[PDB]
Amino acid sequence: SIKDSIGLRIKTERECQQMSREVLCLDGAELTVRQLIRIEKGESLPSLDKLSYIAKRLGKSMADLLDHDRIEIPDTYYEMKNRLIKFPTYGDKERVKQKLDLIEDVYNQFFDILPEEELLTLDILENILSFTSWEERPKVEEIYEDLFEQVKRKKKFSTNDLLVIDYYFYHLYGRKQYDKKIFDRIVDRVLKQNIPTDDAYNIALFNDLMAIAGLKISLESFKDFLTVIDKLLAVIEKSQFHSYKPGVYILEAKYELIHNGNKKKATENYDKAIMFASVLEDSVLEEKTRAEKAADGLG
């Protein structure tokens, strides 16, 4: 396969230079040893970023390492990935099915020309959307592990980075102890991301911010909570995500209730959620929001 031939070219040149894997990979920020091994064994295709690094370390141009083989991805893939990521479900299980079908479709159409990071993106969306246990998928976990180590060192996050970060938050769900240093570092860097004109990116960023806010409540990490609310509203503002407002004001209400014991402010925030829900095309979210307000003991 293309993966076999490219992997062997990389491996042959590395060995030719009497270069160990650890030497090639340096501090692992751009390429890890296990990432390199999967490439050299033909198990995964290098992405442009990782091939660019490998070629720099070997003093070659990328064209050299490829010979006639290619690693480029068709525009059609990116269009379907873009449509997929932009697709909201709101927890609606008929939409969830629609989204899982899109993922399946994209994977079937492109799995053989995609690098590891793109393939992981598909696995992550699928696992979270289907509530698959992250432990059930060790092969995915091994790949996620090194890509997440690399995300820890980044200041600027891509859409794929944001989705890895989503999978990370997914690990923390329901837990009560957690690596506090890692969490705070990730949250802090998420909070500093520029907000671009790019709905796909903003949806991934919005969903990570939602995860942070739910976790800050459940892990009792209340520092900067309203800063998270503020960022959520800023993303909604940038991309005009009107349907996403009620979920944000519900979280702010739960914060006021649980952390400040403020029932008047919590009632105001639920009422904002109900108001923003009420002018939506369908009334599912308004009914849900009204029910949540009532279950939290407010009028």
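So that there is no doubt, residue numbering starts at 1 and follows the sequence shown.
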Greater mean Cα temperature factor according to the PDB record, 65-73 or 39-47: 65-73
Stretch with the higher entry mean CA B-factor, where the candidates are 103-111 and 86-94: 86-94
C-alpha B-factor winner, where the candidates are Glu136, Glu118, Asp161, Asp146: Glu136
Per the PDB entry, maximal CA B factor within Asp27, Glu256, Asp271, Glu237: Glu237
Third assignment of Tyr173 from its chain's C-alpha B-factors: highest
Chain-relative CA temperature factor third for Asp282: highest
B-factor third for the C-alpha atom of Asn202 within its chain: middle
For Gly7, the third of its chain into which the C-alpha B factor falls: lowest
Assigned third (lowest, middle, highest) for the C-alpha B factor of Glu141: middle
